[PDB]
Number of protein chains: 2
Amino acid sequence: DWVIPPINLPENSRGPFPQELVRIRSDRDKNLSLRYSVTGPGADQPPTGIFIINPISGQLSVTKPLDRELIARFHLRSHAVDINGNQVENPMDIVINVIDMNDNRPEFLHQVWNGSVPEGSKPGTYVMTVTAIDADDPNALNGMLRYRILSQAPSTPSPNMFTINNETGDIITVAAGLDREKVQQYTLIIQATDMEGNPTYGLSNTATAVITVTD
Amino acid sequence: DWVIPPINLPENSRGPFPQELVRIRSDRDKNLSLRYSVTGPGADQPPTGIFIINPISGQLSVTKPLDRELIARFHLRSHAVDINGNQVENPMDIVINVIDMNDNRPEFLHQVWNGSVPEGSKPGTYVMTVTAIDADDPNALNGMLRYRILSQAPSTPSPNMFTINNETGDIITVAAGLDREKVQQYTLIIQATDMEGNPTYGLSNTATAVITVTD
Ligand SMILES: [Ca+2]
Ligand SMILES: [Ca+2]
Ligand SMILES: [Ca+2]
Ligand SMILES: [Ca+2]
Ligand SMILES: [Ca+2]
Ligand SMILES: [Ca+2]
């Protein structure tokens, strides 16, 4: 069979609805009067009525806005029948990929994280790991996160005693001079931002990490 | 066989080129490496190079702006061949319609039209008929004319002694007091305007109508 290629379709479709996707037809038109129809999950199986087809023209249409997070792919099959109901073509697979859109922001597993670190710890010492998640596709830019520290109270002896690992969320000491008798609890605001942490196009969320220095 | 439907295309395309039309493929690409091509007047036969297809991806494209008044329809055929060169599908017929654009203004059959009317004639008299053509599609708005008079000479006894049949181009008298000893010859300027005469968008052209009154 000469098949039609996969239909890639951005989620949160703008409208107006029902928007057309593709017109299909069987070259048997010229002989006899036909009737088109589509079957499978999306059409005549739950969730029904999302994809519809014109019995006459073969114009396949989508009715509602899609959501990759709910259904990321639809496998449909189109058919062709004559006036007294007989199959005139081998049902064609129509694959519909719901393309991902950056429609939900990062989310830390907790609002406050807690960590510890012994005083006078050599630069390079590991303290704790914050992690966040994103309901977008991890393979798409929409789902790829990057962490950064925004603030650091108090700001002594250095205004950045710590560094966050860009990708992994692991926090490390860069500075020396951790002295409990001077600063007991550093408090960081970490920001996880998506799309490789693109400032303009990236969504963000923040959390807090409280690093107690111990004796 | 399931086939792709006709492709519609406005003439006088803007670009940039090559602008793509439709991606086709054969479901044999899963088994073996394929190679697509196109044939016919428009592809490999004269005029050559207007339409092309990507050997690997099957993306069909247009290279140049089209012109309905030169070629209004293209009959192509797509092929799919295996590595060694054998056909792997029945060539698919591809129909391409060049949709009309209003790209040329109306044209009168004569610059100067002559006509007659007996003196003192009744209001309602046919005197002559003027007709203009249009190289655009008669059935589209781009080729549907509306005639009308722009000015008269002289403007006595009335400033508008005549009127034009809005659609047909039959000129009809709307005033009496025609007299060879007062005004021997009138001379009108008629204006054919396309697109149901739409003053804003429609293109126009003018011609003359010389109406002699007789004893
Ligand atoms: Ca969504
Ligand atoms: Ca996101
Ligand atoms: Ca998404
Ligand atoms: Ca043209
Ligand atoms: Ca035209
Ligand atoms: Ca025209």
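A short tour of the structure in this document, coming up.

1. Some words on the pattern of salt bridges
Residues and elements named next belong to chain A.
Turning to step 1, where the next piece is worked out: Evaluated as defined, the whole model comprises ten salt bridges over all chains.
Turning to step 2, where the next piece is worked out: Across the pair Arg25 and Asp29 runs a salt bridge whose closest N-O atoms are separated by 3.1 Å.
Turning to step 3, where the next piece is worked out: Overlapping salt bridges bring together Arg68, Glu69 and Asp100 as one network.

2. Overview of the relation of the copies chain B and chain A
Turning to step 1, where the next piece is worked out: For the pair chain B and chain A, the best superposition has an RMSD of 0.8 Å and corresponds to a rotation of 174 degrees with a translation of 1.4 Å parallel to the axis. These values place the two chain copies in the arrangement generated by a two-fold rotation axis.
Turning to step 2, where the next piece is worked out: Interface residue correspondence from chain B to chain A reaches 94%, placing this contact among same-surface, isologous pairings.

3. A word on the coordination of the calcium ion (ligand 1)
All names here are of chain A.
Turning to step 1, where the next piece is worked out: The protein atoms donating to the calcium ion (ligand 1) are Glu11 (OE), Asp67 (OD), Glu69 (OE) and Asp103 (OD), with metal-donor distances spanning 2.0 to 2.6 Å.
Turning to step 2, where the next piece is worked out: Sequence positions of the donors to the calcium ion (ligand 1) reduce to the motif E-x55-D-x1-E-x33-D.
Turning to step 3, where the next piece is worked out: A distance of 4.7 Å spans the gap from the calcium ion (ligand 1) to the calcium ion (ligand 3), which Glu11 bridges by coordinating each metal. Of the two residues, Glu11 is situated in the loop between β2 (7-10) and β3 (19-23) and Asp67 in the loop between β7 (59-62) and β8 (73-81); the sequence distance between them amounts to 56 residues.

4. Description of the sheet that holds strand β6 (residues 51-53) of chain B
Residue and element names in this part refer to chain B.
Turning to step 1, where the next piece is worked out: Strand order in the open sheet made by the three strands is β3-β7-β6, with antiparallel pairing throughout. The open sheet has two edge strands with one neighbour each: β3 (19-23) and β6. Between one strand and the next, the sheet's axes are offset by a mean angle of 25 degrees, whatever the strand orientation.
Turning to step 2, where the next piece is worked out: In terms of strand pairing, β6 meets strand β7 (residues 59-62) through three bridges, oriented antiparallel. Within β7, the residue paired with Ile52 across the bridge is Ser61.

5. Focus on the packing of aromatic side chains
Turning to step 1, where the next piece is worked out: Within this structure, the stated rule accounts for eight aromatic pairs over all chains.
Turning to step 2, where the next piece is worked out: Ring geometry for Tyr36 of chain A and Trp2 of chain B: centres 6.1 Å apart, planes at 40 degrees, overall tilted. One end of the pair, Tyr36 of chain A, is in strand β5 (residues 35-39); the other, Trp2 of chain B, is in strand β1 (residues 2-3), on a second chain. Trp2 of chain B matches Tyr36 of chain A in its accessibility class, with the two residues each being buried.

6. Some points on the sheet that holds β7 of chain A
All names here are of chain A.
Turning to step 1, where the next piece is worked out: Strand order in the open sheet formed by three strands is β3-β7-β6, with antiparallel pairing between adjacent strands. Two strands bound the open sheet, and with one partner strand each, they are β3 and β6 (51-53). Mean inter-strand twist for the sheet, computed between neighbouring axes without regard to direction, equals 30 degrees.
Turning to step 2, where the next piece is worked out: Summarising the sheet, β3 and β7 pair through four bridges and their orientation is antiparallel.

7. Thoughts on the pairing of strand β18 (residues 185-194) of chain B
All names here are of chain B.
Turning to step 1, where the next piece is worked out: Most of β18 sits out of view: seven of its ten residues are buried.
Turning to step 2, where the next piece is worked out: Where strand β14 (residues 145-146) lies against β18, two bridges are found, and the strand directions are antiparallel. Paired with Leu145 across the bridge in β18 is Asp194.
Turning to step 3, where the next piece is worked out: As judged from the two bridges shared by strand β15 (residues 149-151) and β18, these two strands associate in the antiparallel manner.

8. Structural notes on the coordination of the calcium ion (ligand 2)
Residue and element names in this part refer to chain A.
Turning to step 1, where the next piece is worked out: Protein coordination at the calcium ion (ligand 2) comes from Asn102 (OD1), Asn104 (O), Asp134 (OD), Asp134 (OD), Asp136 (OD), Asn142 (O) and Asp194 (OD), with a distance range of 2.1 to 3.1 Å.
Turning to step 2, where the next piece is worked out: Sequence spacing of the donor residues for the calcium ion (ligand 2), all on one chain, is N-x1-N-x29-D-x1-D-x5-N-x51-D. Of this pair, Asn102 sits in the loop between β9 (92-99) and β10 (107-108) while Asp134 sits in the loop between β13 (132-133) and β14 (145-153); the two residues are 32 residues apart in sequence, bridging distant segments of the chain.
Turning to step 3, where the next piece is worked out: Take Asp134: its relative accessible area is 12%, and that puts it in the buried class.

Basis of the calculations
- Residues numbered from 1 in each chain as written, not as in the entry; some residues may be left out.
- Chains lettered and ligands numbered in written order.
- Heavy atoms only, no water.
- Salt bridge = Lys/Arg side-chain N within 4 Å of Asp/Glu carboxyl O.
- Least-squares fit on C-alpha atoms.
- Contact = heavy atoms within 4.5 Å.
- Donors = N, O, S within 2.8 Å, 3.2 Å for Na, K, Ca; no water.
- Helix = DSSP H or I, 4+ residues; strand = E, 2+ residues; numbered from the N terminus.
- Pairing = 2+ DSSP bridges.
- Axes fitted to C-alpha atoms, helices over the stretch in contact; angles between N-to-C directions.
- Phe/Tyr/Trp six-rings, centres within 6.5 Å; stacked < 30°, edge-to-face > 60°.
- Buried < 20%, exposed > 50% of the residue type's maximum accessible area, 1.4 Å probe, protein only.

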